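This report concerns only the one structure given below.
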Amino acid sequence: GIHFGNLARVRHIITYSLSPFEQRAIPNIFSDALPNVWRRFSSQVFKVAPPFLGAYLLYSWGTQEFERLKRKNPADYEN
Amino acid sequence: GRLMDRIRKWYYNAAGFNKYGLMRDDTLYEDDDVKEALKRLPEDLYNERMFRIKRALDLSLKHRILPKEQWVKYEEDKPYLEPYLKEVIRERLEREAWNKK
Amino acid sequence: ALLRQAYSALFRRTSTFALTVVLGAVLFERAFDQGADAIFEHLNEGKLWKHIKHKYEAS
Amino acid sequence: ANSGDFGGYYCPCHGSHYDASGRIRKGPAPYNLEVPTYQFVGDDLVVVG
Amino acid sequence: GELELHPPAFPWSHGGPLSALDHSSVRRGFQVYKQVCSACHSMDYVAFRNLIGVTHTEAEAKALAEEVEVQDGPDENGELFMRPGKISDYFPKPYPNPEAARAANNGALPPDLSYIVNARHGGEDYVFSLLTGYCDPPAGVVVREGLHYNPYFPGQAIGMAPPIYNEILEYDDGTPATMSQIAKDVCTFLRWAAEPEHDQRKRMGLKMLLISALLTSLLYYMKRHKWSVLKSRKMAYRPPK
Amino acid sequence: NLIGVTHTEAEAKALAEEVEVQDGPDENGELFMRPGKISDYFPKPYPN
Amino acid sequence: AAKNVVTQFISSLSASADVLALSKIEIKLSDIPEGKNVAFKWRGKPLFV
Amino acid sequence: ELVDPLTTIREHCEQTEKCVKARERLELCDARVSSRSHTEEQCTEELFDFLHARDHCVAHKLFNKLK
Amino acid sequence: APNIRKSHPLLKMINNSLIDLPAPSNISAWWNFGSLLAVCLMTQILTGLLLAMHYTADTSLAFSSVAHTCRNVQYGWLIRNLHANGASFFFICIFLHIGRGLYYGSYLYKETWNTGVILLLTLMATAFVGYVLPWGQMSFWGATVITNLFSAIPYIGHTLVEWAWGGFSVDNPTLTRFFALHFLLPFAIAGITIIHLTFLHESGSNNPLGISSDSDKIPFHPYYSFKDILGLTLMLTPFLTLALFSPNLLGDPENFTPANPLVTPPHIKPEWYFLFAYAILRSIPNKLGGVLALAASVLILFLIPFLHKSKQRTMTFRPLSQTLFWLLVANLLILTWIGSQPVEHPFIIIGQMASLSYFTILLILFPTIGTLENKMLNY
Ligand code: HEC
Ligand code: HEM
Ligand code: HEM
Ligand SMILES: C/C=C(C)/C=C/C=C/[C@H](OC)[C@@H](C)[C@@H](OC)[C@@H](C)CCc1oc2c(O)c(OC)cc(OC)c2c(=O)c1C
Ligand code: FES
């Protein structure tokens, strides 16, 4: 059952942390937060958007095309 | 030729594992062969790989990456495990061929 | 200092904290429920049977 | 009844087109609509079953 | 044929997520259903008691109830028999079974309106457009004998004749009984009929959103707080020299 | 239920038809009588 | 023992005995004018004429 | 005696740009179909385009006039 | 002894899986669905029991009993809504859960993944029979179609259909056995979910970076208990907004018409969460193929593990794989769209493409691009 203590062998790593009460829950909302939100957004939009944007069109086309084929062709009764 | 040689440098930057401070070898998935390799690693190399990883995990939880100035450069990437891994797999293949023999 | 007084007198002791949550909900409930309905009934004046009512009621 | 492209029938579930004979003409359906055992026992009165 | 006219979107006073039904108009619609539609349409899931506190006073409802003779029994001799209506009874079925109904409507079967707006895409927008959208067939279109033209109905040849027209009844509240006015009231009624909870459903939604906001916020702060320990955590590799 | 226990299929069918059964509604939504089927249950002497 | 218990239980799923097996149906070919199809309830699922 | 605001506005709407052209397109269809004997066409489409444009308009203010 | 949190035969378990459970320090929001899925299961079961208390498994009463539940039973309408919409959020969540798994190579945890597939499949069947209970037009014909799928099996098949219906056509015997089946399955789901988490705990959660996190684990509590609660509240808003404001949004209005054994509605479409598969099956203009395609469209999940060629575990550092991934997501989004459209042009051909597309990205492109990417890493 118990896993904490076996996990892995680690040496020479020091860490420093502060009580949740000595710091801010959401700090540097502008100087740090948002800037990264953008960073991340930026770096993934060209990977994600393409296939979706693509399908999007396929939708509109297929939709419009199906609808076009609804309308009547006057050339069928000009006789 | 020097085609995939620059292709490689491109991919290396595209992959992006260096923005975390990891070497190509750090990101290797730990199957049997790799775990065996990791075992043979001299201590310094092993302790270093650990820290690199632990730092990357901290970066991930933080949703941050290293400053562009600390990203590993394609040509400075050390394949510290690659060779060990080769041997390990080499060693295994032999046993295998031998046992079917 | 509310935060100090509050902490010192409500949030510190696990008991007083619990009682404060009970007491809290109570007051919060009344307040919320009334105001919520108020907001709803206002946004819907003369449309509720509450409003129409009197026309077929008693006197 | 009276739908599809074979003046027969059209199944709205997966697009099977049947003709006026109830035969499968287009779509995923494997066979033609079933024919029951009947007999024209009248002038304008038929009995099935 | 393979072409159909979808209805427009009228601004019903209850269309909005926080917009209740106009009970006055629902009261009206009832009358329209009672005095006009009920002659061929059953509303099996509603009872006179349902009106109480919504559109009518208890007395009014009881009254409306008694106006109908209901079949009960068996009695002591095992006989069925009539009796006045109780607020507990449901709205009277115009026919004892579809076969009979169809029989009295050219083989056409008037559907039960209890859940009508939800049984049709468009709901009141569709029901409304249909009731008023009656008209003559376009060139080349022959409407089989018995069926009437209505572009909004799928196939355009419906079996129901225009149920309403100006002054087909008289709203005892003094509202001008114009055909569309009627359609607007009965449609509003058909919405309440399909979902009385409608109003409360929405009042809850309001409370829900408020609490959901207050609470999602307080919990975002709480999640962050605890996690700060890790977010700001700094580390370093100080190997031996 | 009689069939193959106490009576032959024919016998059962026969016994069945000896009873008028109320069915429907019909095309006008009318109830009506009809002979018995082996599928019918034994006739209730009273409606309630 | 097993084969029999499974057999029995497995068949408790199959159609029951109240699942009859009914007769015909008469139809006046006059109710069905030329150029039209009509459905009639029968043996469960529809029946076209 | 009375006037259904529905008609009042249906008229006003048919004055509208689209309706007019739709109405016209329809009249044209009707005409040739109503004439040409033993034909195969219909004017559903035009009637719909017309209706669609008309009623869309109708449904935009009709309720203001209703109670 | 010392503490009763680690010693007690029962608490030792709650503590062993929801308190002291070691978890990667970096798992993201894409790891919140596991519990949401769990919460859905609980929520469904609970509202379900509540509803089952007022239901009546009988063709002549089913439809109206549900009506009575909504119209007469206090808050019956709310409960039915939460149950109907819960079903959807169950699928929404399960779908994202599956996605995350594919993107981050969680499937490398074979037993956890496999059982996961069983869960999806069971959830599917569960939701199916459940939908058949109000006994509206859709309920009836859906029942008719889905059960009929098995007729595709050679020789036997039909014989299996008989069972499914308890007759020679959908009817009461079917409705009552379906109500039973629907009442039962949720629990087989909850049960299997225990096996799921059990196999998972053998290895512990995987993480975005796809590299060992032993160098940085954290107690589930308060880190993920807190994260999870937050996650729940986020999913809760839309779910309730939908439930309280637009109740029938995700539902077909055709099912407000009592089942008519003699008339299949002209416009009959599968519940949204089935559309993608529905679409794939319509594409093959052959009975058996379409079925096999359908079967394959879901069963293929079992192969994913044997199609992993990448030397890296996740797609975090595989830009090509990442695109192929999002392509697949849109591919499905397309198939879903198609499912809602009539069997006509250009829809038919588009569907067939997407379908052909789908199986290809999974059976061929992915393993290929993975191999390709390995070479680009000079491996
Ligand atoms: C004389 C009987 C009669 C009256 C009174 C009548 N209807 Fe109908 N109604 C029918 C018939 C017949 C149909 C079936 C048409 C069909 O499906 O071919 C019908 C169908 C309907 C339908 C639509 C069916 C569909 O498929 O779209 C609605 C909605 C409806 N009626 C509403 C009303 C309302 C509201 C009223 C009162 C304002 C009303 N009806 C009054 C006979 C009537
Ligand atoms: C009732 C259905 C299911 C429930 C309640 C459920 C629940 C869970 C839970 C609680 C977790 C842990 C937290 C997380 O990583 O999200 C988990 C993990 C996992 N589940 Fe499921 N699951 C279900 C179905 C499935 C399905 C359909 C699949 C995929 C075919 C699956 C595959 C996995 C895998 C691979 C993991 C590993 C997560 C990791 O990468 O660390 N699960 N599941
Ligand atoms: C795996 C979890 C569950 C899922 C996915 C689920 C899904 C569904 C679905 C889709 C329906 C049709 C909803 C509708 O009316 O539109 C339904 C109906 C129903 N379910 Fe469930 N259900 C679950 C658990 C349960 C359980 C455990 C019970 C009770 C023991 C239950 C009882 C019912 C009842 C009574 C109905 C029929 C009446 C109604 O539609 O509300 N369900 N369920
Ligand atoms: C007694 C219990 C039984 C027999 C259980 C059976 C379980 C089977 C599968 O679950 C594993 C199945 C649900 C799953 O297939 C993988 C679905 C994605 C299939 C989706 C599906 O839905 C439809 C539907 O909902 C309809 O009505 C609104 C109508 C339909 O066509 C006319 C369909 C349909 O054509 C398909 C393919
Ligand atoms: S059931 Fe008729 S096309 Fe599939």
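Here chain I follows Swiss-Prot, giving residues 2-380 in order.
Header says: X-ray crystallography, 3.0 Å.
Here the Cβ of each residue, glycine as well, is placed from N, Cα and C on the backbone.
What Swiss-Prot records for this protein:
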- I:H84, I:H183: heme b b562 binding site (BINDING)
- I:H98, I:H197: heme b b566 binding site (BINDING)
- I:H202: ubiquinone binding site (BINDING)
- I:34-54: transmembrane segment (TRANSMEM)
- I:78-99: transmembrane segment (TRANSMEM)
- I:114-134: transmembrane segment (TRANSMEM)
- I:179-199: transmembrane segment (TRANSMEM)
- I:227-247: transmembrane segment (TRANSMEM)
- I:289-309: transmembrane segment (TRANSMEM)
- I:321-341: transmembrane segment (TRANSMEM)
- I:348-368: transmembrane segment (TRANSMEM)
Candidate binding-site residues I:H84, I:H98, I:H183, pick with smallest Cα gap to the residue listed as 'ubiquinone binding site': I:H98
Stretch of maximal Cβ-Cβ contact with the transmembrane segment (I:179-199) [cut-off: under 8 Å; candidates I:34-54, I:227-247, I:289-309, I:348-368]: I:34-54
Listed binding-site residues adjacent to ligand 3, that is, members of I:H84, I:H98, I:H197, I:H202 whose C-beta is under 6 A away: I:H84
Cβ neighbours within the same chain of I:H183 (heme b b562 binding site) - under 8 Å, at least six residues apart: I:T127, I:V130, I:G131, I:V133, I:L134
Nearest-integer angstrom distance between the alpha carbons (Cα) of I:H197 (heme b b566 binding site) and I:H84 (heme b b562 binding site): 24
Alpha-carbon distance [I:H98 (heme b b566 binding site); I:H84 (heme b b562 binding site)] in Å: 20
Most crowded position, judged by CB atoms within 10 A, among I:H98, I:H202 as binding-site residues: I:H98
Outside the transmembrane segment (I:289-309), six or more residues from its ends: residues with CB under 8 Å to it: 99, 103, 106, 108-109, 111, 114-115, 118, 121-122, 125, 150, 153, 277-278, 281-283, 356, 359-360, 363-364, 367-368, 371
Remote residues contacting the transmembrane segment (I:114-134) - C-beta distance under 8 A, at least 6 residues beyond either end: 56, 58, 63, 67, 88, 91-92, 95, 98-99, 102, 107-108, 140-141, 143-144, 147, 175-176, 179-180, 182-183, 186-187, 189-190, 193-194, 196-197, 200, 272, 274-275, 299-300, 302-303, 305-306
